[PDB]
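To keep things clear, I will list the structure first and then write my remarks on it.
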Amino acid sequence: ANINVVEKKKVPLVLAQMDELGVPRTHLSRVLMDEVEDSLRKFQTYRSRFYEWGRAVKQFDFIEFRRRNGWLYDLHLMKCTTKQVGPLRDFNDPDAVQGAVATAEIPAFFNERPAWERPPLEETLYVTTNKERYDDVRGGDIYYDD
Amino acid sequence: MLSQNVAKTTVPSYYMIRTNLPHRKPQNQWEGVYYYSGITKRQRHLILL
Amino acid sequence: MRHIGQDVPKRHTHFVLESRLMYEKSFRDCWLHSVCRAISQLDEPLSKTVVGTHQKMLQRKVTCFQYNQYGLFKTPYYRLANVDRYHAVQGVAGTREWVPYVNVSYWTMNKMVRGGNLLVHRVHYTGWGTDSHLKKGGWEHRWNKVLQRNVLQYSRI
Amino acid sequence: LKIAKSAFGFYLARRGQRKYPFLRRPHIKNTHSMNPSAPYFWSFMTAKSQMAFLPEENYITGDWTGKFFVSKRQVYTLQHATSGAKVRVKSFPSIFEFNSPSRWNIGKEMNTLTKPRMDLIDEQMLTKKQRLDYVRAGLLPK
Amino acid sequence: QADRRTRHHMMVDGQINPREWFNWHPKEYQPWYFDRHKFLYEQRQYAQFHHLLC
Amino acid sequence: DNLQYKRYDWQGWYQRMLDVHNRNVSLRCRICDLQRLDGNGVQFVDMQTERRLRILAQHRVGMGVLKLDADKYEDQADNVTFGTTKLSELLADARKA
Amino acid sequence: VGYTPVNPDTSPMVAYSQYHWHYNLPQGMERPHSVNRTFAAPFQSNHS
Amino acid sequence: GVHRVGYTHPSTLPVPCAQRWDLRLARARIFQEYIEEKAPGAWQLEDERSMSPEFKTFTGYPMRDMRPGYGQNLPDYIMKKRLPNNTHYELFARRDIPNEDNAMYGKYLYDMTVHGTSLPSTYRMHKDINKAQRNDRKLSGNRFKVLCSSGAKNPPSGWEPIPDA
Amino acid sequence: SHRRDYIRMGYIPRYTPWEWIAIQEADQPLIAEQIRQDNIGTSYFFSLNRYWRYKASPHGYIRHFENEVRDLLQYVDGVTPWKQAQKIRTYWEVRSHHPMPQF
Amino acid sequence: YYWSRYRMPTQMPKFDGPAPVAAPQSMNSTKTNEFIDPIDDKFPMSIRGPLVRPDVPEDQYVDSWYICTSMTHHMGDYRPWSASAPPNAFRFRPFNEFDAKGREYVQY
Amino acid sequence: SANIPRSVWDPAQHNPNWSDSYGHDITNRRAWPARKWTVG
Amino acid sequence: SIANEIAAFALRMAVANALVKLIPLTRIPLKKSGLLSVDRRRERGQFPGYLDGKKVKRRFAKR
Amino acid sequence: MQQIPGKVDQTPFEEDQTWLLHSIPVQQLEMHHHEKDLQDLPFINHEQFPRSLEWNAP
Amino acid sequence: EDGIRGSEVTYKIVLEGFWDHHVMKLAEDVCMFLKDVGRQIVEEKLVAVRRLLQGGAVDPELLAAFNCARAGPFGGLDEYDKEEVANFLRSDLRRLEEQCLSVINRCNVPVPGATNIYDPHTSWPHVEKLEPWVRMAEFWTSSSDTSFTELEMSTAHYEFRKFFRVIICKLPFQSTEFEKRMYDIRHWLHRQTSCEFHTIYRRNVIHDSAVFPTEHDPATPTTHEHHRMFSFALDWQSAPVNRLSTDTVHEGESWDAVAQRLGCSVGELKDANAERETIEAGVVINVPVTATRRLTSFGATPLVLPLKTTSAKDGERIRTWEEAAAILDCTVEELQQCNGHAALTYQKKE
Amino acid sequence: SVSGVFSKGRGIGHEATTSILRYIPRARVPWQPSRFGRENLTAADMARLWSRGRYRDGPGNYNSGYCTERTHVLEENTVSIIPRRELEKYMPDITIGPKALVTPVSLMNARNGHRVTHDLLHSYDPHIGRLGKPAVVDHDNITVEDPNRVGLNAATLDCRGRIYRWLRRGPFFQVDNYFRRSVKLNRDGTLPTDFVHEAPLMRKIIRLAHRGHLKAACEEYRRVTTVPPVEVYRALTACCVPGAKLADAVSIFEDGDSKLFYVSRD
RNA sequence: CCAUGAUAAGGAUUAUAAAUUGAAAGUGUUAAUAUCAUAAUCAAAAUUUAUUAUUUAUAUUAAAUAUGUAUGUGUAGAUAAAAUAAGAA
Ligand SMILES: [Mg+2]
Ligand SMILES: [Mg+2]
């Protein structure tokens, strides 16, 4: 994500100081007051709103707004992760049977086949859909890449 | 229609009843609370104009 | 209803919901009720301003009022039935068949710990525990310590 | 429970002869409610103060079509005798009635004037086994 | 009263009964909108082609 | 709550519950800083003013520190208000010496 | 196992399984989440 | 012994000073305090148990007051009393309920947003699926039961149920 | 981010990395009431008496409820005809008619 | 699905072959513990020691939930007593002067 | 101030007394030969 | 009151350990006389199963 | 103990007899504490939050 | 106080896990974090302080604030020149530098082999242990309708635990930004771990002898009787009492007749009322808030309306209600409230 | 062959919409298509269902006194009811009537958000007590019988999701909904500020503030149920000026801003 | 109301040192057999159930309402518990 946005979180503090110093907040360029108002609308909230901001309705409506604009990717309830990453093999032993101690969902750019191993740009030259087998599979993976 | 609308449930059956597999994801602790911060195309237009 | 299209395996689970309303009712009526009692039974002069015949007058008026409330929840808490939010087993609170912190019956508690569902820790069955206070004075003393940190460390204003 | 005397006989277990914390037993049955005391007559199973008002049940709270029995905690009032009206209490098997008025009742609860456990025992509600056992106790003749 | 159309049936006439809610891949319940009034190739029956549109 | 009761319908009443459980505000001051020259030149709190103070507030004093706990209202704002009121009131009386 | 599903947040046997984080692993945060920063939703109340 | 409590007004003394009772009253104005006039002076009892370092049970505070007749019905008890509002009784009231997630959200909502649809409880679903599987061999062990009978008893103008054997 | 052994080969950060803190911090809004700035003074007269929806509400013990008590008295006395409350009896008043009330 | 998480990431070891060395196997009347190791409990204590788990400061041990046994909260790693105390600490100690009680009352 | 402290990334603020991650934990688990002397 | 033999035993052990800290060689006779020795004994933990709460199992009747 | 002036009062009793022979009653029913009643019995110890028993309000 | 023992603002973070080592390791993490954020902030305040020390002006406002006393310690209105005031300011800033350096120096002690975060000398912030919460659940593991005995013999002991580390940071000043990072640490908090925030800061309160005046005891005393149960709800107002800041000048009065009436100097009365050069009969005036004799709202003496010669409506006696409701400027219903006799006999006050 | 619970039912909404609407297919719940709710019940059936479901006090049960049966059978023994007029003779009648079931708005925070002391809980939201229409609470007319069916019934058909809904409510729910359902800006752009029943109060506040009693005026300010007119605030702050109290003036004005629709911006 | 699962109780020979005197073989409530019916505490209530340690002679009912019966030579048969900070050979 883009980090430096946190500096905007500084603002509702600075604003408060302006009141204590007696600098009127209404003398600001209209430009900057728009920018800063947007900053407020990002991070500031009251006690009032905060008691109610976790209503399930509001959460799900946000989910819906995301659905109509077709960004479901990051949401919690609304994504289903499929692909697993397999273990690394040791030359110290093939015999050793590894198994999973813990499992965590992390972005694929941590470990993904190095750029020189895979075919050239896959986004442009290959149309790939991850999909489920319709038949019963007796063993192996129930998700294959088409 | 929309390809990220993808079944969150397995086909209804007795596996739901006879197994300890849970029916939902557990809450993610570090997921922020979804809240509304933002503007419309209409509002941006108004401000610029 | 009439056992048509019932969702829950145990019908009596519904009682739990009912129970909740009971408690809700109390929140609404408690303050009211108690005031109405306190002003009612009070013999001494109520105050400097309200004394004598005015006092008896007001007292009877208030108890008349309290009586006229229909539906007011006066039932003492220990007379309400505790019931499992899971399997709807019941227990008498203050006995070994009810478990206070999870608010479930012995049956459910057993079921839930043995197959791991609730997270607890086994301790020697015969002792006081891991804990210091209970190790010291038993149930009563830990009770007291609770009273102490909820109330007594504050010097009220 | 062994015999179902009510609805709850299906739901409840007896759990042997089992001890409860002091003064809390789930089902209040006052066997002692009528328990003769000459000297303690005004202090026993009655208002802890003589200066208290009568309970809720000595008054008509709202617009009533009417009632069948008045609750057992309703105190007997001089009007209960004088007025000559039906005074009903829910006891077992069915209902107890104050029929033969007296001033010795006044100022006590009908919780106190109604014997909860009667010495009269119907043998028609008893199993043959039960009747045998009551004979053991030297209650029923045989 | 009740018949093969109203009743719960796994299979009506030697084939899987579509009238039963639980006889479908749950993905079918997932929401969609109506295509037909929009241009021929936006419509979902051409989906495999959608990445190529103009 | 960052954990469980964080994000859904119950988040509201839980949050509120916790805020009303914590509504206590403690208000402290030493009695060494109450002994200072007031704007009229009198010493604000002197020996007898302190004696009268200490007897006035009984257990509300310890270790030469006055501490008032205001629980009266559901929210911390009103308890700072209530607390300051009781403080200035107690000083008002104790100054009578 | 039952008609009442195990709520996966409370149940250790879920939490501490091989498909989640056991208590002896080091308990840090797995991945950051910027939700409200990436795509932001404008405010429309259901009430006017 | 038995005596009449007494008070010497500061004007009467051969040096004026603040009497301790006076202060007591000042205090009772400031922090509002009920003066219990019928309080017997002979009943002062420290609670031995919790107030003496000698017993293992020592909290340094008067845990209980020792009055044998003390009861919840007394008016004074009601004046210093904690109210059940916003105490644990409430937390129980709201979070302990048969299907836990009905505390977190409306079920219909969640389902309609996640799945496209509302889903039956698992138990209902068991009932149903079995209805299907066993209607597909035997018939007429059955009975037709509903909420409202007026739908089967007068069916609409169409509606000709398919005969079966 | 650059560490390709992260959860796979067993490297799990003991200290949560600066970047991630920056993000988690950047996501949630900051409550405005948490700033705590008072330059005026306490409002003695008005503040506690403010409009009933947003009002300062007493809590716990009944003493703190003084205002409410007044209202509950006034209101009650207004709605309750003495004609009616006449009828409510005290135990001794009733018992005066029992053949032996006093011993 | 929501269950897409709970698939087996790797292939589980098959059970190919016989009971392991000195397994419990049960003839006519035989009291059998699957739990107790056959070989290492039968070993005399004077040799092996009363120790169940490596002897190390118990802050490295946590009592497991659902299992009767303890585990290391840093899995499999161990620090010897020598790394708890300062360098060359007599009877490994915060300081060499006194024991716990001694430190405390000296301080008093 | 800055969101990420200057003392983290700026080499002018570098702390020379700091050690690498691996070194200390390697020297920590060392158990030195306990027969230092004859006789004991 | 701590006067009773068990508490006395404890007291003895205490004084002895002190004395050893003060006069090091004195530790040899003490140890041989079994002063410094600690015995581990406890009342049985409280428990509802037993009548008196400690050692006595409840009454048994043949069916 | 402070007391209301002009009221007739008693002083704590020195002579054991004066205690034993007075009309002071014994606890008979269940006993009540104004605070402790909310967390019900010693055996049911109701707690809203799992705060450390030592926990100190700032 | 110097060094460790003293601060302007103290934050205590109480971290709570389900497992001990969880909260311990958590405490180490959060602690390291606040060590770096702490160093940053305190460093900045240090460079600010050092600049301030190097030189700077003095407020007109601060100067004024030093010079407000009627009489300072030497018994006359004191003149603080801007030099002296700058000298005070400078003293305190020197102290602030001492404390900043203290904190910063502590921050730089805890190196990897040498880290000990429990002792407050060795690191900032430091960490205290807090006793774990432990609840033992005791219950029947048998389901038996048959026998109590058997239920009892089956009894298991299990426990719930909760573990607490406490994090202490004492700071020489109050930064809003530190509070921000600190409240924010709840968002990256460890798995299944929650926290509390205890803030203890210093805040100027203000005692007015104006609103809470210091007065002699009443010439009537207050008895025990004013204190019964519900005397709090009935016989008393909530303090402070309402004193009038506004007063009407009586006829034969002059400036110091009014001033001797209100219990204040003539100068004062002239200054609160500075707008007016002269005070005629029947004019409203501003009572200087330092006046001794200021009146309470609604003195205890009831206003009484005699029937008498009234208006021209009769010139004989007053009759109907709203006539008097116009005379006394109130709603008729109030007047009916007060007089229970005059309400029940009739409305024409026969 | 047909066993139902009720014989007949009715539609939620009327001809004008339905006769046309039926031409557009509505998607029914997939597993249970046919919905019969408590809004579909007839008059009699609803009356009966609202009687049952409250333990003892509720009208359905026979000894509650609201029972309209003239006879009731306890285990083969038939009991004839005692009429109320006869019940009065030994058991004095104290009835305040409707108004004793309703506390003022003042107490509402003490009562955890209710004005209503009735047997069922009364929500000030539209959707919990909703039958076919949105629920509204009459504070004048409250009866044991509850004609409008606005109360929250424990055991009735369809009650479950409602009860859940109640337990899920936000911390200010009762209060907030009571405040917003009444007291809203007029279609004109006119403040709600002018209401007949509360007018003498505002007159009293102003008249008190003018003679310079600030505390008195505020103590009466507390009792105000509706938004007070701008004149009130003018009077209060103008009273605040002479004694120099700033803080109280500011908090007054801050009470009028954004809370009360900015009556105090003037 | 027919409608499978699953956790209790129950001492009989791995011992003393740096150490536990409570066990798997299943005791109402729990997941695939359906085809008579609404039975559930929110107070103040009706003994027949094998499976339970009660206060025994100087002083004796005050707060939720709180037990009126059995003095009989420590007395039939038959039964109960314990080797654990206690003291048994
Ligand atoms: Mg029911
Ligand atoms: Mg079984």
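Residues in the structure tokens are named by chain (A, B, ... in the order shown) and by number from 1 within that chain; ligands are numbered from 1 in the order shown.
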
Return the neighbours of chain H among the residues of chain D, cut-off 12 Å, counting only C-alpha atoms, as a ChimeraX atom specification. /D:47-49,52

Output C-alpha atoms for every residue in the selection just made, as a PDB file, in the first residue's frame.
ATOM      1  CA  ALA D  47     -44.249  -9.372  57.067  1.00  0.00           C
ATOM      2  CA  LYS D  48     -40.868  -8.654  58.656  1.00  0.00           C
ATOM      3  CA  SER D  49     -42.344  -5.318  59.753  1.00  0.00           C
ATOM      4  CA  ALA D  52     -45.323  -2.462  55.822  1.00  0.00           C
TER       5      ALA D  52
END

Please return as a PyMOL selection string: the residues of segment 7-114 of chain H that backbone DSSP assigns to alpha helix (DSSP H). chain H and resi 20-30+48-51+75-79+88-95+107-114

With a distance cut-off of 8 Å and only C-alpha atoms (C1' of nucleotides), select the neighbouring residues of residue 31 of chain G, excluding the residue or stretch itself and same-chain residues fewer than 4 positions from it, and output the selection as a CSV table (one decimal) with N, CA and C atoms, in the first residue's frame.
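As written to disk, selection.csv reads:
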chain,number,residue,atom,x,y,z
A,105,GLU,N,-2.4,-16.7,5.1
A,105,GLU,CA,-2.7,-16.1,3.8
A,105,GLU,C,-1.8,-14.9,3.6
A,106,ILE,N,-0.8,-15.0,2.7
A,106,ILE,CA,0.1,-13.9,2.3
A,106,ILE,C,0.1,-13.7,0.8
I,20,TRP,N,4.6,-2.2,7.9
I,20,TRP,CA,3.3,-2.8,8.3
I,20,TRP,C,2.6,-1.9,9.3

Applying 6 Å and only C-alpha atoms (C1' of nucleotides), which residues near residue 20 of chain G remain after dropping the ones on its own chain fewer than 4 positions away? List them as a ChimeraX atom specification. /A:102-103 /G:15-16

Do you know which residues are at most 6 Å from segment 60-69 of chain H counting only C-alpha atoms (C1' of nucleotides), after dropping those on the same chain fewer than 3 positions away, and could you put them as an NGL selection string? (:H and (51)) or (:M and (26-27)) or (:P and (62))

Residues of chain F within 8 Å of chain N, counting only C-alpha atoms, what are they? List them as a PyMOL selection string. chain F and resi 1-3+37-41+84-85+88-89+91-93+95-96

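By chain and then residue number, the residues within 7 Å of segment 48-54 of chain O are residues 44, 45, 57, 58, 59, 60, 61, 153, 154, 155 and 156 of chain O, counting only C-alpha atoms (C1' of nucleotides) and disregarding those fewer than 3 positions away in sequence.
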
Go ahead and save the picked residues with N, CA and C atoms, as an mmCIF file, in the first residue's frame.
data_model
loop_
_atom_site.group_PDB
_atom_site.id
_atom_site.type_symbol
_atom_site.label_atom_id
_atom_site.label_comp_id
_atom_site.auth_asym_id
_atom_site.auth_seq_id
_atom_site.Cartn_x
_atom_site.Cartn_y
_atom_site.Cartn_z
ATOM 1 N N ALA O 44 -59.050 -12.035 14.446
ATOM 2 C CA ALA O 44 -59.237 -12.959 15.556
ATOM 3 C C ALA O 44 -57.940 -13.668 15.913
ATOM 4 N N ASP O 45 -57.332 -14.296 14.906
ATOM 5 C CA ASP O 45 -56.122 -15.101 15.087
ATOM 6 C C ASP O 45 -54.972 -14.297 15.686
ATOM 7 N N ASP O 57 -48.924 -12.670 33.693
ATOM 8 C CA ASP O 57 -49.505 -11.350 33.518
ATOM 9 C C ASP O 57 -50.244 -11.169 32.176
ATOM 10 N N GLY O 58 -49.788 -11.857 31.127
ATOM 11 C CA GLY O 58 -50.383 -11.741 29.795
ATOM 12 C C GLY O 58 -51.818 -12.244 29.655
ATOM 13 N N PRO O 59 -52.675 -11.479 28.948
ATOM 14 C CA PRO O 59 -54.130 -11.685 28.859
ATOM 15 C C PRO O 59 -54.587 -13.098 28.482
ATOM 16 N N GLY O 60 -53.789 -13.819 27.695
ATOM 17 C CA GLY O 60 -54.123 -15.178 27.288
ATOM 18 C C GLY O 60 -54.372 -16.128 28.453
ATOM 19 N N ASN O 61 -53.424 -16.183 29.387
ATOM 20 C CA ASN O 61 -53.565 -17.003 30.583
ATOM 21 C C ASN O 61 -54.799 -16.621 31.375
ATOM 22 N N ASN O 153 -43.199 -9.124 21.549
ATOM 23 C CA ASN O 153 -43.755 -10.304 22.170
ATOM 24 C C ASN O 153 -42.728 -11.415 22.200
ATOM 25 N N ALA O 154 -42.656 -12.105 23.334
ATOM 26 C CA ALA O 154 -41.671 -13.155 23.534
ATOM 27 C C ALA O 154 -41.951 -14.417 22.707
ATOM 28 N N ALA O 155 -43.157 -14.962 22.803
ATOM 29 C CA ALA O 155 -43.430 -16.255 22.175
ATOM 30 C C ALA O 155 -44.206 -16.309 20.840
ATOM 31 N N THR O 156 -44.703 -15.188 20.325
ATOM 32 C CA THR O 156 -45.593 -15.218 19.149
ATOM 33 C C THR O 156 -44.886 -15.798 17.921
#

For residue 27 of chain K, work out the shell of residues within 12 Å, counting only C-alpha atoms (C1' of nucleotides) and skipping chain neighbours fewer than 6 positions away, then give it as a PyMOL selection string. (chain J and resi 79-80+82-83) or (chain K and resi 20-21) or (chain N and resi 113)

Can you write out as JSON lines which residues of chain P fall within 12 Å of ligand 2, alongside each residue's closest atom pair and its distance in Å to one decimal, counting only C-alpha atoms (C1' of nucleotides) and all ligand atoms and ordering rows by chain and ascending residue number?
{"residue": "P:4", "atom": "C1'", "partner": "ligand 2", "partner_atom_place_in_ligand_line": "1 (Mg)", "distance": 10.5}
{"residue": "P:5", "atom": "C1'", "partner": "ligand 2", "partner_atom_place_in_ligand_line": "1 (Mg)", "distance": 8.4}
{"residue": "P:6", "atom": "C1'", "partner": "ligand 2", "partner_atom_place_in_ligand_line": "1 (Mg)", "distance": 7.1}
{"residue": "P:7", "atom": "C1'", "partner": "ligand 2", "partner_atom_place_in_ligand_line": "1 (Mg)", "distance": 9.7}
{"residue": "P:8", "atom": "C1'", "partner": "ligand 2", "partner_atom_place_in_ligand_line": "1 (Mg)", "distance": 10.4}
{"residue": "P:25", "atom": "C1'", "partner": "ligand 2", "partner_atom_place_in_ligand_line": "1 (Mg)", "distance": 11.7}
{"residue": "P:26", "atom": "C1'", "partner": "ligand 2", "partner_atom_place_in_ligand_line": "1 (Mg)", "distance": 6.2}
{"residue": "P:27", "atom": "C1'", "partner": "ligand 2", "partner_atom_place_in_ligand_line": "1 (Mg)", "distance": 7.9}
{"residue": "P:28", "atom": "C1'", "partner": "ligand 2", "partner_atom_place_in_ligand_line": "1 (Mg)", "distance": 10.0}
{"residue": "P:29", "atom": "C1'", "partner": "ligand 2", "partner_atom_place_in_ligand_line": "1 (Mg)", "distance": 11.3}
{"residue": "P:30", "atom": "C1'", "partner": "ligand 2", "partner_atom_place_in_ligand_line": "1 (Mg)", "distance": 10.4}

Just N, CA, C and O atoms (P, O5', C5', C4', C3', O3' and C1' of nucleotides) for this one: save the residues we selected as a PDB file, in the first residue's frame.
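result-v5.pdb was written with the following content:
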ATOM      1  P     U P   4     -31.807 -42.922  17.193  1.00  0.00           P
ATOM      2  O5'   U P   4     -30.980 -44.283  17.160  1.00  0.00           O
ATOM      3  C5'   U P   4     -30.235 -44.720  18.282  1.00  0.00           C
ATOM      4  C4'   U P   4     -28.974 -45.422  17.853  1.00  0.00           C
ATOM      5  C3'   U P   4     -27.670 -44.698  18.143  1.00  0.00           C
ATOM      6  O3'   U P   4     -27.243 -44.879  19.483  1.00  0.00           O
ATOM      7  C1'   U P   4     -27.634 -45.622  15.951  1.00  0.00           C
ATOM      8  P     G P   5     -27.467 -43.736  20.593  1.00  0.00           P
ATOM      9  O5'   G P   5     -25.987 -43.372  21.065  1.00  0.00           O
ATOM     10  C5'   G P   5     -25.098 -42.655  20.213  1.00  0.00           C
ATOM     11  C4'   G P   5     -24.008 -43.546  19.679  1.00  0.00           C
ATOM     12  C3'   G P   5     -22.588 -43.053  19.908  1.00  0.00           C
ATOM     13  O3'   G P   5     -21.739 -44.192  20.035  1.00  0.00           O
ATOM     14  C1'   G P   5     -23.006 -43.186  17.588  1.00  0.00           C
ATOM     15  P     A P   6     -20.835 -44.388  21.347  1.00  0.00           P
ATOM     16  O5'   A P   6     -19.609 -43.401  21.086  1.00  0.00           O
ATOM     17  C5'   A P   6     -18.681 -43.085  22.111  1.00  0.00           C
ATOM     18  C4'   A P   6     -18.577 -41.596  22.334  1.00  0.00           C
ATOM     19  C3'   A P   6     -18.930 -41.130  23.733  1.00  0.00           C
ATOM     20  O3'   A P   6     -17.872 -41.306  24.652  1.00  0.00           O
ATOM     21  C1'   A P   6     -20.067 -39.787  22.176  1.00  0.00           C
ATOM     22  P     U P   7     -17.996 -42.432  25.787  1.00  0.00           P
ATOM     23  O5'   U P   7     -17.446 -41.703  27.089  1.00  0.00           O
ATOM     24  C5'   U P   7     -16.096 -41.265  27.128  1.00  0.00           C
ATOM     25  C4'   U P   7     -15.898 -40.080  28.041  1.00  0.00           C
ATOM     26  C3'   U P   7     -16.804 -40.000  29.263  1.00  0.00           C
ATOM     27  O3'   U P   7     -16.043 -39.384  30.289  1.00  0.00           O
ATOM     28  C1'   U P   7     -17.035 -38.036  27.996  1.00  0.00           C
ATOM     29  P     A P   8     -15.656 -40.180  31.618  1.00  0.00           P
ATOM     30  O5'   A P   8     -16.290 -39.255  32.741  1.00  0.00           O
ATOM     31  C5'   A P   8     -16.155 -39.584  34.102  1.00  0.00           C
ATOM     32  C4'   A P   8     -17.493 -39.799  34.747  1.00  0.00           C
ATOM     33  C3'   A P   8     -17.470 -40.766  35.907  1.00  0.00           C
ATOM     34  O3'   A P   8     -16.974 -40.195  37.095  1.00  0.00           O
ATOM     35  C1'   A P   8     -19.317 -41.252  34.518  1.00  0.00           C
ATOM     36  P     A P  25     -13.671 -47.681  31.937  1.00  0.00           P
ATOM     37  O5'   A P  25     -14.464 -48.712  31.013  1.00  0.00           O
ATOM     38  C5'   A P  25     -15.635 -48.288  30.321  1.00  0.00           C
ATOM     39  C4'   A P  25     -16.023 -49.200  29.174  1.00  0.00           C
ATOM     40  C3'   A P  25     -16.134 -50.697  29.491  1.00  0.00           C
ATOM     41  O3'   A P  25     -17.300 -51.224  28.857  1.00  0.00           O
ATOM     42  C1'   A P  25     -14.756 -50.374  27.608  1.00  0.00           C
ATOM     43  P     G P  26     -18.675 -51.362  29.685  1.00  0.00           P
ATOM     44  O5'   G P  26     -19.125 -49.855  29.924  1.00  0.00           O
ATOM     45  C5'   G P  26     -20.186 -49.272  29.173  1.00  0.00           C
ATOM     46  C4'   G P  26     -20.655 -47.993  29.818  1.00  0.00           C
ATOM     47  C3'   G P  26     -21.630 -47.146  28.999  1.00  0.00           C
ATOM     48  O3'   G P  26     -22.522 -46.443  29.875  1.00  0.00           O
ATOM     49  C1'   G P  26     -19.648 -45.919  29.416  1.00  0.00           C
ATOM     50  P     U P  27     -23.856 -47.122  30.493  1.00  0.00           P
ATOM     51  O5'   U P  27     -23.984 -46.436  31.929  1.00  0.00           O
ATOM     52  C5'   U P  27     -25.222 -45.911  32.377  1.00  0.00           C
ATOM     53  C4'   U P  27     -25.048 -44.701  33.266  1.00  0.00           C
ATOM     54  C3'   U P  27     -25.686 -43.416  32.775  1.00  0.00           C
ATOM     55  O3'   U P  27     -27.090 -43.390  32.939  1.00  0.00           O
ATOM     56  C1'   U P  27     -23.539 -42.942  33.626  1.00  0.00           C
ATOM     57  P     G P  28     -28.017 -43.107  31.664  1.00  0.00           P
ATOM     58  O5'   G P  28     -27.498 -41.704  31.120  1.00  0.00           O
ATOM     59  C5'   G P  28     -27.985 -40.495  31.679  1.00  0.00           C
ATOM     60  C4'   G P  28     -29.053 -39.881  30.811  1.00  0.00           C
ATOM     61  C3'   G P  28     -28.615 -38.731  29.925  1.00  0.00           C
ATOM     62  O3'   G P  28     -27.989 -39.187  28.738  1.00  0.00           O
ATOM     63  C1'   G P  28     -30.695 -38.229  30.962  1.00  0.00           C
ATOM     64  P     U P  29     -26.877 -38.285  28.019  1.00  0.00           P
ATOM     65  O5'   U P  29     -27.725 -37.128  27.316  1.00  0.00           O
ATOM     66  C5'   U P  29     -28.814 -37.434  26.447  1.00  0.00           C
ATOM     67  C4'   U P  29     -29.647 -36.214  26.118  1.00  0.00           C
ATOM     68  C3'   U P  29     -28.916 -35.102  25.360  1.00  0.00           C
ATOM     69  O3'   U P  29     -29.767 -34.576  24.337  1.00  0.00           O
ATOM     70  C1'   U P  29     -29.867 -34.224  27.352  1.00  0.00           C
ATOM     71  P     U P  30     -29.464 -34.936  22.795  1.00  0.00           P
ATOM     72  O5'   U P  30     -27.958 -34.484  22.615  1.00  0.00           O
ATOM     73  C5'   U P  30     -27.658 -33.154  22.230  1.00  0.00           C
ATOM     74  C4'   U P  30     -26.535 -33.133  21.237  1.00  0.00           C
ATOM     75  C3'   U P  30     -26.733 -34.050  20.039  1.00  0.00           C
ATOM     76  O3'   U P  30     -26.114 -33.463  18.894  1.00  0.00           O
ATOM     77  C1'   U P  30     -24.826 -34.739  21.259  1.00  0.00           C
TER      78        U P  30
END

Which residues form the shell of 12 Å around ligand 1 when you count only C-alpha atoms (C1' of nucleotides) and all ligand atoms, given as a PyMOL selection string? (chain C and resi 1-2+11-19) or (chain O and resi 52-55+153-157+159) or (chain P and resi 38-42)

Give one line per residue of chain A that approaches chain N to at most 12 Å, naming the two atoms of the closest pair and their distance in Å to one decimal, counting only C-alpha atoms; sort by chain then ascending residue number and deliver it as a tab-separated table.
residue	atom	partner	partner_atom	distance
A:6	CA	N:181	CA	10.8
A:7	CA	N:177	CA	11.2
A:9	CA	N:180	CA	9.2
A:10	CA	N:177	CA	7.7
A:11	CA	N:177	CA	10.6
A:12	CA	N:176	CA	10.5
A:13	CA	N:176	CA	7.0
A:14	CA	N:176	CA	9.3
A:15	CA	N:176	CA	11.8
A:16	CA	N:176	CA	10.0
A:17	CA	N:176	CA	9.7
A:43	CA	N:180	CA	11.8
